[PDB]
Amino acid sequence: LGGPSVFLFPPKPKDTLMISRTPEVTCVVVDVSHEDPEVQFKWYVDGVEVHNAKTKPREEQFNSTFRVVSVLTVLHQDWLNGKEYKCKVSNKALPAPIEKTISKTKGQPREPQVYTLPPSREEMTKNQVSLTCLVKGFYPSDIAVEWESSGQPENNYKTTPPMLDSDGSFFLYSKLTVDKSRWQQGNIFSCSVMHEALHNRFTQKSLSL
């Protein structure tokens, strides 16, 4: 019955911030038919057509439709400087082509402030205690947070999604749970944050009794 639908995805945050990763924008076409699987993708960067996108392997979904996907590698600095990426999709089951445009969220970046907070004394009655990392004042909301100890990632932590604050920046908390004895024995735990507005896109704060 219904024709295809198009969704355009930004790079993953870590891909935009890590030297070792390659960020890409992903143009996804769903509900493509078996009678007309062919999809034309045209790509534009700030309105200028580009030709280095690549089509991923066509994929039949469990519901017997085709998913057709084009990916365009982006330069780290291009994405972070706010370039606009446009995908134009044509298919014979569409009456007209579909255009979508994506870019990094607009707004002046702001550096996260990272504060480690020890467990409350009242939590010391429990088997495990909570080590809290408050990350606030950041913009845009794309960010990565990890808790580590002795250079290894901790097994049991959860990070809230960024939440808009009253000044137009974002904040989050990351809660690390550890056995009480590991806190009491004086081990050092570290909260690591990646964000475009940090120096070298990275900072780390440590916490210990």
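When you see a residue number, it is the position in the sequence shown, counting from 1.
Participant: Averaging the C-alpha B factors as listed in the entry, name the stretch that ends up higher: 156 to 164 or 63 to 71.
Facilitator: Stretch with the higher mean C-alpha B-factor: 63 to 71.
Participant: For the higher mean C-alpha B factor in the entry, choose 84 to 92 or 126 to 134.
Facilitator: The deposited B-factors put 84 to 92 ahead on the C-alpha mean.
Participant: Identify, among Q77, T116, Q113, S120, the residue whose C-alpha carries the highest B-factor in the deposited PDB entry.
Facilitator: The listed residue with the largest C-alpha B-factor is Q77.
Participant: Consider only the C-alpha atoms of the modelled residues in this chain, order them by B-factor as the entry records it, and name the third containing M18: lowest, middle or highest.
Facilitator: Its C-alpha B-factor belongs to the highest third of this chain's values.
Participant: Check where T203 lands among this chain's C-alpha B-factors and tell me if it's the lowest, middle or highest third.
Facilitator: For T203, the deposited C-alpha B-factor lands in the middle third.
Participant: With respect to C-alpha B-factor, does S150 fall in the lowest, middle or highest third of the chain as deposited?
Facilitator: Highest third, going by the recorded CA B-factors of the chain.
Participant: Among all modelled residues of this chain, ranked by Cα B factor, put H34 in the bottom, middle or top third, i.e. lowest, middle or highest.
Facilitator: Middle third.
Participant: Just say lowest, middle or highest third for the CA B-factor of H51 relative to the other modelled residues in its chain.
Facilitator: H51: CA B-factor falls in the highest third of its chain.
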